[PDB]
Each structure stands twice: as C-alpha cells, then as structure tokens.
Amino acid sequence: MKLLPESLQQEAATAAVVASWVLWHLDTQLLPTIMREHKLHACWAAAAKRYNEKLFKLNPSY
Amino acid sequence: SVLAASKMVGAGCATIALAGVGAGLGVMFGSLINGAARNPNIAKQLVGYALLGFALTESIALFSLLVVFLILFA
Amino acid sequence: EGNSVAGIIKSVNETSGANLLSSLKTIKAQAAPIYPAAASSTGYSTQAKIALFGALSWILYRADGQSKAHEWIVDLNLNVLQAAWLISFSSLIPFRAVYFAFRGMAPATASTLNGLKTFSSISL
Amino acid sequence: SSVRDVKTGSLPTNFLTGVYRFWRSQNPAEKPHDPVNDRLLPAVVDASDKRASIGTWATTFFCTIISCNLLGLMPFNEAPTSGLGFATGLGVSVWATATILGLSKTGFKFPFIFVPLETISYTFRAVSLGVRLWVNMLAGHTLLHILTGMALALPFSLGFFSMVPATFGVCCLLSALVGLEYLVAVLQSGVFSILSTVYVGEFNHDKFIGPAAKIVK
Amino acid sequence: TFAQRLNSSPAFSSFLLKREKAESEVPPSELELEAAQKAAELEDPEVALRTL
Amino acid sequence: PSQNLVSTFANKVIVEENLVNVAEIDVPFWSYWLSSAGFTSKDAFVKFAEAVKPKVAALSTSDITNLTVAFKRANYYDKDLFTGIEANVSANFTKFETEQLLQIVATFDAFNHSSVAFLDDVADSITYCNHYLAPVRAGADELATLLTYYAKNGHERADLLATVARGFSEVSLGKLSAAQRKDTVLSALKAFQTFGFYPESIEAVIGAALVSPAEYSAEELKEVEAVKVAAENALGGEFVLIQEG
Amino acid sequence: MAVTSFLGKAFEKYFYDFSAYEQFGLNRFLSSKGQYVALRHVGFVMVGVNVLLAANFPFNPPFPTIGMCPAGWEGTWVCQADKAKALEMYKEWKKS
Amino acid sequence: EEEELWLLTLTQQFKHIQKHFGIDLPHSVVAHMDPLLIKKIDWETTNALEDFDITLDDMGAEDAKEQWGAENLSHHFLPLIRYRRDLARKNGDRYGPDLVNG
Amino acid sequence: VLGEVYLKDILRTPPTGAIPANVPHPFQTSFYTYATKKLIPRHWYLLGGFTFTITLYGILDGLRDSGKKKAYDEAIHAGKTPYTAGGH
Amino acid sequence: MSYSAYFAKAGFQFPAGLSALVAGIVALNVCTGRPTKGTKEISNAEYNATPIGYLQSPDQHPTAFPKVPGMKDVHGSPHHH
Ligand SMILES: [Zn+2]
C-alpha cells in the first residue's frame with residue numbers, strides 16, 4: 001500500500017481533464033437542452049395571464 | 001526494526017482522536033433528533049445542516065487517519 | 001412543409017357542400033402530425049456494440065489485473081460484495097416512485113403547461 | 001454537424017435540472033432596493049454577469065465526483081477519487097478557483113499578526129476539501145479489503161459449508177459496510193459541492209450599479 | 001388521459017418500468033376521465049359539427 | 001541567380017489581382033478579414049461587390065453582416081449591392097440577431113440607405129424576433145446609431161424605441177469613454193426628442209450628461225435640459241440625482 | 001432467429017415473472033419480502049465467497065488467517081506464515 | 001375568416017405542445033413549431049443568462065418575471081402585427097400601436 | 001386575408017411530412033463559440049484553478065524527484081544498494 | 001398517437017464529446033515522458049545483447065492465480081553480480 005501515486009501531476013491532470021470535460025458537456029450539451037424544456041414551460045407559465053389577456057383584447061370574435 | 005515497532009505503537013496511539021470525534025458526532029445527531037422533535041416542519045432543512053455539520057466534523061477524523069497513514073506507510 | 005391549418009382551410013374551401021361532411025375525416029387525417037411508425041428491428045448499433053465490447057474488455061482486463069494483484073482473492077470477493085448490492089438494488093428500489101420523484105425534480109415536468117386558453121384564441 | 005434529438009421530459013434531463021437548480025439555489029441573487037423593471041434590468045443583467053457561475057461549477061464537481069465515487073462501487077472497479085492526486089487536485093482546484101475569483105475582484109492584488117493566521121486558516125481549505133473526500137474514499141476501500149480478508153479466512157479455515165452462522169453474520173457485516181460505502185459516496189460528493197459553493201460564495205459578492213438618476217414620481 | 005399518455009411513452013417501455021402503470025402513482029380525476037371520453041366522442045368532426 | 005528569380009516571382013504571381021482572384025470563393029469572409037487586417041482599397045471592393053451580387057440573396061445572416069461590416073470599413077457604397085443586402089435582411093429578418101442588425105444598421109446609417117420595409121423588418125426583428133435583453137448586451141453607441149437612423153428616416157416605431165431604450169443605463173454608458181459617452185448621449189437625446197418618446201430609461205441618458213457636465217458646451221447643455229424638462233413632463237415628476245448614500 | 005431479442009425477453013421473464021419467494025412458498029418461513037431480499041443478498045455473498053475459496057484450493061492465503069488451518073494442512077504449505085518458506089514448501093509439494 | 005389562420009395555428013401549435021410536452025415531444029418538433037422561442041432561449045444560454053428566471057425569483061421580481069415570459073412569447077403576435085400594419089399601410093393610414101401617442 | 005406568408009418563420013404547425021433535425025445550439029455547433037463566448041469569459045477562474053493545481057503538482061513531483069535522486073546519489077556513494085531486491 | 005417509435009428508432013448513442021474525454025485520458029496515460037512502470041531505459045547495445053527472459057524482471061510478471069502470495073511467472077537474469 002502506497003499513499004502517493006507514480007506522478008501526482010498526472011493524476012491532477014486526469015482530474016482536470018475529467019472535470020473540464022464535464023464542464024464542457026454540461027454547458028454545451030446538457031444545459032441547452034435543460035433550458036429549452038425548462039424555459040419553454042417557464043415562459044408559458046409566466047406569460048399565461050398576460051398572453052391570454054393580450055390575445056383576448058386582440059380577438060374580435062366576441 | 002525498532003522504527004517499525006514505534007510505527008505500530010504510534011499509529012495505535014494516533015487513532016485516539018476518533019473517540020472524541022465520535023462523541024461529538026453522536027452529540028450532533030442526537031441534537032438533530034431533538035431539533036426535528038421540536039420543529040419537524042423545517043426538519044428536512046435541519047438534516048441538511050446535520051450533514052454539513054457531520055461533514056466538517058468528519059474531517060477531524062480524517063486528519064487523524066491521514067497521520068496514521070503518514071505513520072504507517074510513509 | 002407548409003402550414004397544416006392553411007391546408008385545412010384550403011381543403012375545406014375546396015370541397016362542395018355535398019362533399020363536406022364526407023371529406024371532413026380525410027381533411028382531419030391529412031393535416032394531422034406525423035407519428036412515425038415503428039421500423040423493422042435491426043441489429044445493435046455500432047456504438048452499442050462498441051460500448052458492450054469495450055465494457056467486456058474492461059471487465060476482463062480489470063479481472064485479470066485483480067487476479068495478478070497481491071491480495072487477489074479479496075479483490076475477487078470484493079467484486080462479489082459489490083455485485084450483491086447491484087442485485088439487491090434491482091429488488092429494493094421503487095422505480096415507479098423514483099421516476100415520478102425525478103419528474104417532480106424538474107419544474108417542466110412537475111406541472112402541466114399553463115398557457116394558451118381556449119376562450120382567448122377562439123375565432124367565431 | 002447534426003445534433004441528436006432529445007425527448008422532452010426525459011429522466012436524465014429532469015435529474016440534471018433538479019441538480020442544477022439546487023446548486024444554483026445555494027448562492028441566491030440579492031434583491032435590489034429599487035423595484036425590478038426596465039430601468040433596473042441592465043443592473044440585474046450586469047449583476048448576473050459579475051456573479052460567478054457557481055451553479056455550473058458545483059454541478060460539474062458534483063457530477064464528476066459522484067460518478068467516480070459510484071465507480072468505486074461497481075465490480076472490477078476502484079474509484080479514481082481514492083487516488084491522492086485526483087481528489088486533492090479537485091480540492092486544490094476549487095480552492096484556487098475561489099482564490100482566483102477573490103483576487104480578480106481586488107484588482108489582482110494579493111492580500112497585525114492576524115493576517116498570517118487567517119492566511120493559514122484559509123489556506124488549509126485547499127488541504128481539507130480534497131483530503132476529506134480522498135480520505136473517505138481511501139478509508140472505505142481499505143476497510144472493505146481488511147474486512148473481506150477476515151470473512152474469507154472464516155470459510156477457508158472452518159470448511160466451505162460447515163460454519164453457517166458465523167459466516168452469515170460476518171457477511172451481513174460486510175454487506176452493511178458496502179451499503180454504508182454507497183451512502184458515503186453520495187454524501188461526500190454532496191459535501192464537496194456544498195463546501196465548494198460556500199468557498200466561492202465568500203467572494204461572489206460584487207457592486208450593484210443601480211440607477212444614479214431618477215424621476216421621483 | 002395524462003396517465004394513458006405516460007403509459008404509451010417510451011419511459012414506461014424501458015426495462016425497469018415495463019409492468020408499472022402511471023395511474024397507480026397518480027390516478028386521473030373524474031373530470032379527466034369524462035373529458036377523455038368526451039374528446040374521444042368529439043374526435044369525429046361530423047359529430048362535433050352536429051353537436052355544436 | 002536566385003535574387004533575379006525571386007524578383008521575377010515577386011511581381012507577377014503575388015499581386016493584388018491574384019489576391020482578389022483567390023478571394024472570389026467565399027467573398028464576404030475574405031472581404032471581412034481583409035478589411036479588418038486593413039486592406040481597404042476601392043478597386044478590390046468594386047471587384048468584391050460584383051462578386052457577391054448574384055449570391056447575396058441566398059447568403060447566411062453571419063455572411064450578410066460580415067459583408068456589410070466589410071463594406072462599412074472599406075467605405076464603398078454600391079446601391080444595387082446594398083439593395084440586395086437590404087432584400088436579404090427583409091427576406092429572412094427572423095434569423096438575424098440584434099448585434100448583427102446593429103452592425104447592418106450602422107452601415108446603412110453611414111450611407112443614407114433605407115426603405116420603409118427594411119426599417120419595419122429591422123424593428124420587427126429587434127423587437128419581436130430577438131431576446132428583449134439583447135439591447136443590454138449591445139453597447140450604447142450601437143443603439144444610439146440605430147436611434148439616429150430611425151430618427152433621420154422619420155420612422156416611428158414605439159415598440160422598437162421601448163426595446164432599445166432598455167440598453168441605455170449606467171452600465172452601458174459607463175462602458176464608454178468620455179467623448180464617446182458625450183456623443184452617444186447627444187445622439188440618443190436628440191432621437192428621443194425627435195420621436196417625442198421619453199421612457200423611464202431616458203434619465204440614465206440624461207444623468208450621463210449631468211453627472212459630468214464639464215465636457216458639455218452651453219448649447220448642448222441647453223439641449224440636454226430641454227430633453228430633461230420634456231422627460232420630466234412625460235414621466236410625471238422631477239429629475240434628481242442619486243448620490244452614494 | 002435473433003439472439004439479443006430472445007435474451008432480452010428471457011431476462012425479462014426471469015427478472016419479473018420468476019419469483020422464488022412465492023414459487024418455493026417462502027412466505028411461511030420468512031416474514032416479508034424485504035427480509036427475503038436481505039437474506040438472498042447475504043446468501044449470494046456466502047455462496048460467492050465459498051465458490052471462490054472452493055474454486056481454487058489448496059493455496060496459501062494472502063489474507064490473515066486467525067491461527068486456524070483447513071484441518072488437513074497443519075504445517076504442509078498452506079498454513080505457512082512466511083511466504084518464501086511457503087513457496088519452497090509448495091514447490092516440494094508440487095513435485096509430488 | 002380574415003385572421004383565422006393565425007389564431008387557429010396558435011391553437012393547434014399549443015394543443016400539440018401541451019398534449020405531448022413532458023411525455024414524448026422531441027426537441028426537434030418544438031424547434032420546428034416555435035423556432036423564435038428556441039432562438040430566444042438559446043440567447044440566454046449563450047449570454048450566460050441561463051438562470052435568469054431563477055435570478056428574477058431570487059430578487060422577488062414577479063412583474064419582471066411576467067415581462068420576461070411575455071417578451072419571450074412576444075413573437076406569437078408578430079404575424080397579426082405585420083398583417084394589420086400592412087392593412088393600415090394599404091389604406092394609407094398609420095398603425096396605431098406603432099406610434100408613441102397611439 | 002391573413003396569409004401563410006405572415007407566418008413564415010415565426011409560427012409553424014406540428015410536422016405532417018417528417019420530423020426535422022434538431023436545431024443546434026451555437027455551442028453544439030462550434031467549440032470556438034463556446035470558448036470565446038462562455039468558457040473564457042465565465043469559466044476562466046476554474047481553468048486557472050486547474051492550471052494552478054497542475055503547476056503545483058508538477059512542483060511537488062519535482063521536489064519528490066529531487067529528494068529521491070539525492071537519496072539515490074548518497075546510496076551509490078556509500079557503496080550500498082539503493083533498492084532492496086526482494087524474493088521472487 | 002405518440003412519438004415512442006421515433007425514439008425507439010435511434011439506437012444507443014454515446015455522450016456527445018466522449019471521444020475527446022477518452023482521448024484526453026489515454027493521452028495522459030501514454031504521453032508521460034517517463035518510462036513504463038517497472039521498466040528502465042537501457043542502451044541499444046544492451047538491448048540487442050540480452051535475450052528475452054533475461055531482459056524481463058520477475059517482479060513485473062506476477063502469477064495469475066498464485067497458490068502462494070509472491071509467485072512470479074518468469075525468473076529473469078540468473079546471471080547477475
Ligand atoms: Zn479493491
């Protein structure tokens with residue numbers, strides 16, 4: 001049993017590579033998709049009242 | 001091999017700090033039970049504090065164990 | 001691919017009065033969204049076969065290195081102790097409740113879409 | 001150059017939405033004194049520009065650390081986190097990220113014997129953040145290996161199918177230990193990211209460039 | 001209903017959710033069931049014209 | 001004998017004609033990067049304009065704003081080309097982003113080129129087709145260029161004014177230098193007085209002239225005070241400065 | 001004709017339908033289903049460690065014995081604590 | 001039936017989204033049906049404002065959250081706005097909402 | 001009437017012909033846009049932290065190699081073996 | 001109907017930039033600068049001089065399922081000082 005590895009810098013660079021890939025994949029592939037779903041639902045839920053009142057005012061059918 | 005003998009003796013004397021950290025951790029978890037009994041409406045908040053508290057408390061155990069490793073396998 | 005409602009309008013205006021009630025179902029089926037039917041079941045993907053063969057090669061390589069190791073038998077028994085928990089998680093975890101809990105984690109799936117109402121966008 | 005199609009409402013999307021909203025909620029934005037409207041909206045957008053992305057960073061660290069921590073519990077696998085350089089490199093990385101943010105706030109200027117004592121107390125966060133998670137992963141694997149040898153010894157020196165109750169008891173103890181290792185894997189990933197959020201939120205505070213001139217009524 | 005649409009979703013075709021039903025987690029209301037019946041009745045457009 | 005050879009190779013192959021003849025494949029790309037590197041010669045851009053002129057109407061939005069910025073830097077105005085660019089912008093205005101439209105409107109404001117349909121499509125694209133915080137990321141000189149463009153052409157669009165008034169604040173005006181801030185404040189206040197539109201964010205313009213009135217002359221201060229009194233009457237109160245606290 | 005389709009359907013039928021808690025009628029011996037899951041977990045561990053030890057044996061264990069042998073190797077080449085001595089004793093035991 | 005295409009396409013698009021959204025709707029069908037909403041959403045992720053509705057919740061800004069949602073779906077009224085503006089242009093008048101004093 | 005040309009790229013119906021391709025984010029398209037728009041302006045603190053930890057661990061590897069080479073040098077100068085051979 | 005068959009059409013797919021992740025981990029594990037663990041960079045004359053079994057140290061070839069802990073598969077260099 002050894003505490004230290006063969007190279008501390010190699011393991012540190014492995015951690016940096018893995019975490020930087022998780023950062024790029026999060027910011028680039030995951031967070032656009034997440035925010036497309038979330039901001040569609042949130043924009044509709046935040047604008048339902050104003051949207052329906054504006055469309056009710058525009059609608060000449062009544 | 002008097003150095004390795006003292007390594008075994010020193011690691012066995014080194015892990016005494018786990019007693020104090022276990023007594024403190026049990027005090028903190030018993031207070032978590034108490035604080036959930038006082039006000040359960042915020043209980044899922046309190047457990048979070050407990051975990052965070054356990055977190056920092058656990059670190060005092062690991063700085064013990066690290067010294068044990070620094071005694072045993074350095 | 002044009003507007004489907006514009007196709008509904010053109011197809012309804014293009015029919016005669018005698019043909020309208022007969023052709024309403026076909027005008028409905030023409031401007032209805034494509035839900036693509038199930039294709040023929042094929043082989044596994046290139047990436048799926050790469051994943052399975054790479055997982056098997058990693059498992060074999062790690063089991064070989066665990067055999068070569070100094071405390072080899074406790075390595076091969078740690079594998080049994082971990083596979084036991086992977087077995088017991090398939091039996092313990094309430095996967096329907098876990099699915100709906102994760103659905104509650106995101107606000108997009110926690111509630112229904114509250115958006116356009118019918119009375120605002122009606123056209124008499 | 002063509003991206004893949006995603007089903008809306010998938011379980012990984014919902015899980016990562018909840019995780020991101022959690023680590024984003026750890027450092028909430030401050031309410032301004034003025035009401036938020038179009039006069040205050042560039043001040044709000046610049047406040048969000050000056051705030052560091054601790055939600056993205058904490059989600060990054062949570063996902064990578066829980067992935068390595070759970071890799072430690074798959075068969076034929078050890079955690080990368082149980083390595084010293086990996087876990088303590090992540091810890092020194094979070095401490096240096098917080099320090100680089102706090103230095104850049106102070107104009108890239110480095111910071112009455114209270115200042116070296118607080119310097120050592122702050123500098124020990126670099127040791128503690130990585131050594132905690134690394135020590136927990138190393139201790140759990142080491143404890144399992146020592147415990148497994150004792151369990152193996154019981155049926156090696158008492159017959160394969162000749163000692164059922166003691167072998168059953170020690171395998172119950174080993175199985176409860178592996179369940180504890182699952183709990184410790186999840187907990188230490190969450191602890192690393194919570195302490196990451198508090199360490200960077202010590203320096204996340206910035207000036208709100210609000211309105212300097214207004215119509216009073 | 002929303003539960004029937006969840007049962008027809010891909011997520012309930014996956015292996016860990018083959019035998020599960022979404023009604024057992026949250027059942028549909030009486031309004032939701034009668035509105036699913038009413039919408040199935042009004043899926044014929046000629047019936048909708050006559051009804052209106 | 002290599003020096004006579006390199007003198008023969010240096011005056012016949014590496015010339016401006018082969019430079020503008022290799023720049024025919026992707027001409028908004030090449031005109032953009034050659035104009036940024038500093039190559040602003042007239043005859044090359046005369047060649048470049050008839051290079052793009054067929055294929056303008058099917059260009060991308062990034063290539064349109066690249067070509068328009070390049071011809072802004074070369075200062076060469078081709079009426080049929082900018083009619084083609086204006087028709088491209090008016091054709092697919094929903095695809096254009098606000099920063100691209102601000103660069104395009106800056107080029108169309110350097111010359112006096114405008115249609116009614118182009119102005120309505122740019123205002124519709126900035127207002128409706130783009131994010132409402134896109135003027136916040138703009139920089140107040142670009143927005144003041146757009147405001148003076150719409151004021152010069154007399155096109156009144158109150159929704160576009162309410163959109164690009166959002167970009168004027170303490171932040172975006174504080175990003176500018178002092179002369180550029182004075183020019184931007186004068187342009188924005190003149191355009192807002194032309195339109196008769198005094199939003200709640202005009203005061204961040206007015207304050208940017210009144211926190212530092214040392215750079216402003218007396219007639220410019222009279223103009224700023226005229227817009228200040230007009231905004232006081234429109235917004236419904238009196239204009240104070242806020243101190244540090 | 002396909003192999004992975006039958007493998008998926010067969011593992012589904014084994015995972016979901018095949019239940020030895022009701023097929024063997026273990027509801028009389030055990031209280032609940034979760035107790036059966038815990039005992040099947042620990043029984044999986046016991047059978048696995050016995051198959052590994054039973055698989056390849058007789059060998060000098062790298063894990064610490066508590067001073068107990070397998071009752072057939074008092075001091076041959078399996079219970080030896082020194083490893084080089086156990087190696088040469090294994091060699092003179094393998095020559096036989 | 002002067003403007004029934006615009007109202008009926010709004011009804012049909014929202015009915016399909018609301019029918020399929022959290023269940024099985026692909027992202028491609030959403031970006032086909034509402035491309036400008038996806039564009040305005042991508043602007044927030046691009047310009048590091050992907051937590052802007054969380055920021056408006058942290059600041060307690062319910063009016064600004066309503067304005068944010070209404071300004072993201074503001075393009076749904078753009079076909080009607082352009083049609084009525086072209087009608088008023090052919091009649092020779094000005095469009096009412098375009099003017100500051102309208 | 002309000003034609004289809006007013007609805008051209010603003011507002012579309014659900015697809016009847018085929019399901020289109022997914023519209024990429026600008027970050028999914030190019031790494032240059034991600035790097036210049038979000039990775040460097042927002043995450044340069046994290047990148048500087050990774051750079052600092054790799055630099056610092058290279059320094060620690062240098063110190064460990066210097067101490068190890070020093071021990072090896074005095075071991076071969078003392079005439080003894082620096083390493084234990086062992087038993088195979 | 002539903003879009004279930006549309007998603008069943010697409011097979012298993014990797015995370016989008018996983019090839020860059022595996023390339024970075026492999027490039028960290030093979031481009032180290034130092035030689036392979038256990039091995040020593042010797043001269044070309046010494047490499048061409050020695051046979052295969054003498055060049056292999058016994059510490060680098062452990063026995064697969066060793067009956068005794070410390071069994072090595074090869075016995076290298078009986079000719080030594
Ligand atoms: Zn292990």
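This entry lists cryo-EM as its structure determination method and reports a resolution of 3.08 Å.

The PDB entry lists chain H under the name ATP synthase associated protein ASA1, with Polytomella sp. Pringsheim 198.80 as the source organism.

Under the PDB entry, the name given to chain E is ATP synthase associated protein ASA1, and the organism recorded is Polytomella sp. Pringsheim 198.80.

As a further point, take the overall build of chain H. Of regular secondary structure, chain H possesses six helices and zero strands. Starting at the N terminus and ending at the C terminus, chain H contains elements arranged as α-α-α-α-α-α. In terms of overall dimensions, chain H is more spread out than a globule: its C-alpha atoms have a radius of gyration of 17 Å, far above the 13 Å expected for 102 residues. On the principal axes, the C-alpha backbone points of chain H span a range of 45 × 35 × 25 Å. Taken across its 102 residues, chain H has 71% of its residues classed as buried. Considering only intrachain contacts with a sequence separation of at least 6, the fraction spanning at least 24 residues in chain H is 46%.

A few words now on a nonpolar patch on the surface. Taken together, the side chains of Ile146 and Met150 of chain D together with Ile66 and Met68 of chain G define a hydrophobic patch exposed on the protein surface, amounting to about 370 Å² of accessible area. Within the secondary structure, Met68 of chain G sits in the loop between α2 (33-55) and α3 (83-94). On the accessibility criterion, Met68 of chain G (38% relative accessible area) is partly exposed.

Moving on, we come to the state of the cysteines. For the structure shown, the criterion picks out one disulfide over all chains. At a sulfur-sulfur separation of 2.2 Å, the disulfide partner of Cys69 of chain G is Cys79 of chain G. With a gap of ten residues between them, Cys69 of chain G in the loop between α2 and α3 and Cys79 of chain G in the loop between α2 and α3 connect regions that are remote in the sequence. Exposure remark for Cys79 of chain G: the relative accessible area of 23% places this residue in the partly exposed category. Unpaired in this structure, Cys172 of chain D has its nearest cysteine sulfur neighbour in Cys171 of chain D, at a distance of 7.5 Å. Given a relative accessible area of 28%, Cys172 of chain D falls into the partly exposed group.

Further remarks concern the interface of chain I and chain H. Taken residue by residue, the interface counts 25 residues in chain I and 32 residues in chain H. Both faces considered, chain I and chain H share a buried interface measuring about 2,500 Å² in area, 68% of it formed by carbon and sulfur atoms. Considering only the surface of chain I that becomes buried against chain H, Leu2, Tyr6 and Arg12 of chain I emerge as the three largest contributors, covering 26% of it. Scanning the region where chain I abuts chain H turns up one salt bridge. Put simply, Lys38 of chain I and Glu50 of chain H hold a salt bridge, and the shortest N to O gap is 2.7 Å. At the boundary of chain I with chain H, the tally comes to eight residue pairs in polar contact. Listed by contribution, the elements that provide at least two residues to the side of chain I that touches chain H are α1 (26-29) and α2 (31-77) of chain I. Ranked by residue count, the leading element in the side of chain I that touches chain H is α2 of chain I, at three residues.

Before going further, it helps to spend a moment on the nonpolar core. Residues and elements named next belong to chain F. Counting residues in each nonpolar core, the largest one holds 74 residues, and the members touching the most others are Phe71, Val122, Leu146, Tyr150 and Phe168. Here this core spans two domains, since at least three of its residues come from each of domain 1 (26-135) and domain 2 (136-242). Once residues within four sequence positions are removed from consideration, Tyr150 is found in contact with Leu119, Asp120, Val122, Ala123, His155, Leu160 and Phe195.

This next bit is on the coordination of the zinc ion. All names here are of chain D. Coordination of the zinc ion by the protein comes from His141 (NE2) and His145 (NE2), over a distance range of 1.9 to 2.2 Å. Of the two residues, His141 and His145 are both situated in helix α5 (residues 114-156); the distance of four residues between them amounts to about one turn of the helix. Its relative accessible area of 14% is what places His145 among the buried residues.

Turning to its location among the elements, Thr46 of chain C is positioned in helix α3 (residues 46-68). Each C-alpha atom, one on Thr46 of chain C and one on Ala6 of chain C, is 42 Å from the other, the two residues being 40 residues apart in sequence.

Once contacts are tallied for each of the 29 pairs of chains in contact, the highest total is for chains H and I. Nothing in chain F touches chain J; the tightest C-alpha to C-alpha distance between them is still 26 Å.

All right, on to the packing of helix α12 (residues 178-195) of chain F against helix α13 (residues 203-210) of chain F then. Residues and elements named next belong to chain F. Across the interface, α12 lies against α13 with an axial gap of 9 Å and an inter-helix angle of 135°. Considered as vectors, α12 and α13 are oriented oblique to each other. As for the relative orientation of α12 and α13, their crossing is left-handed in sense. Here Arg181, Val185, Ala188 and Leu189 of α12 lie close against α13, whose contacting residues are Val205, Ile206, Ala208 and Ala209.

This part takes up the packing of aromatic side chains. Taken as a whole and judged by the stated rule, the model has 66 aromatic pairs over all chains. With centroids separated by 4.7 Å and ring planes inclined at 20°, the aromatic side chains of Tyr77 of chain F and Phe111 of chain F adopt a geometry described as stacked. Of the two residues, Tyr77 of chain F sits in the loop between α5 (61-74) and α6 (79-91) while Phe111 of chain F sits in the loop between α7 (98-110) and α8 (116-127), which places them 34 residues apart along the sequence. Overall, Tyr77 of chain F belongs to the partly exposed group, its relative accessible area being 28%. For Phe111 of chain F, a relative accessible area of 9% corresponds to the buried category. A centroid spacing of 6.4 Å and a plane angle of 75° characterise the contact between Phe57 of chain G and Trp73 of chain G, whose relative ring orientation is edge-to-face. Within this pair, whereas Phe57 of chain G is found in the loop between α2 and α3, its partner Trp73 of chain G is found in the loop between α2 and α3, the two being separated by 16 residues in sequence. Judged by its relative accessible area of 18%, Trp73 of chain G falls in the buried class.

What counts, and at which threshold
- Residues numbered from 1 in each chain as written, not as in the entry; some residues may be left out.
- Chains lettered and ligands numbered in written order.
- Part of a larger assembly, values for the part shown.
- Heavy atoms only, no water.
- Residues with missing side-chain atoms left out of burial classes, pairs and counts.
- Helix = DSSP H or I, 4+ residues; strand = E, 2+ residues; numbered from the N terminus.
- Rg over C-alpha atoms; globule rule 2.2 N^0.38 Å.
- Buried < 20%, exposed > 50% of the residue type's maximum accessible area, 1.4 Å probe, protein only.
- Contact = heavy atoms within 4.5 Å.
- Patch = residues over 30% accessible without salt bridge, like charges linked within 9 Å, V, L, I, M, F, W, Y side chains within 5 Å.
- Areas by Shrake-Rupley, 256 points an atom, 1.4 Å probe, with all protein chains shown as cover.
- Salt bridge = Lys/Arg side-chain N within 4 Å of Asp/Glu carboxyl O.
- Disulfide = S-S within 2.5 Å.
- Buried area = accessible area lost by both parts, 1.4 Å probe.
- Polar contact = N/O pair within 3.5 Å; in protein donor to acceptor, adjacent residues only side chain to side chain.
- Core = buried A, V, L, I, M, F, W, Y, C linked by side-chain atoms within 4.5 Å.
- Domains from an automatic or database assignment.
- Donors = N, O, S within 2.8 Å, 3.2 Å for Na, K, Ca; no water.
- Axes fitted to C-alpha atoms, helices over the stretch in contact; angles between N-to-C directions.
- Parallel < 35°, antiparallel > 145°, perpendicular 65-115°, else oblique.
- Left-handed = near helix turned anticlockwise from the far one by under 90°.
- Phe/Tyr/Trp six-rings, centres within 6.5 Å; stacked < 30°, edge-to-face > 60°.

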